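Numbering (the numbering used here), first residue to last: 136 to 300.
All C-beta atoms in this analysis are idealised placements derived from N, C-alpha and C, irrespective of residue type, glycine included.
Reading through the structure tokens given below for one structure.
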Ligand SMILES: CC(=O)NCC1(c2ccccc2)CCOCC1
């Protein structure tokens, strides 16, 4: 199973790791993608997960959007995990760099509660522009299921652990 994680709470764990490398190693039931409403996996975690699937995630996602239309900010959809996981839970956290309501981050994390265990990034962190310390706090206060957080940046990982209340 998951190794080398620091336990933050009863159900939240954290590790300084590349979520792609973590997913290829563990092959979890669910890997969370930091998705946008259009499932356009261009950069950040989404671009990296999609590149690891040889673009199969994007092809599947475009068919999903053609059929269903875009997701809501704070919403999610379950698609294939391809070579990374059994499933990919595409979750849309608010993108602060697009003026999206940061209060939608709790709604985004509520999607994790439909899955008993997940490998995930911090929602709305990175290129989504939110404060990762705030994202971790919303995660621990919202998610009740077992969440294994992969934080790519070592310096951010150390700051998150050292400042965790
Ligand atoms: C494995 C486990 O007990 N998970 C905790 C929660 C649960 C409770 C009972 C049945 C299934 C899920 C997750 C959903 O929110 C409520 C607690």
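Residue 244: member of the alpha helix (DSSP H) spanning 239–245, first to last residue. The Cβ-Cβ distance between residue 170 and residue 227 falls below 7 Å.
Under the three-state reduction of DSSP output, residue 203 falls in the helix class. Around the C-beta of residue 271, 16 or more other C-beta atoms lie within 10 Å, and the residue is accordingly described as buried. Between the alpha carbons of residue 152 and residue 139 lies a gap of roughly 10 Å. Taking residue 154 as reference, the option from 240, 299, 273, 289 with the minimal CA-CA separation is 289. In this structure, the C-beta of residue 279 approaches ligand 1 to less than 6 Å from one of its heavy atoms. Taking non-hydrogen atoms of ligand 1 into account, the C-beta of residue 251 is found less than 6 Å away from one of them.
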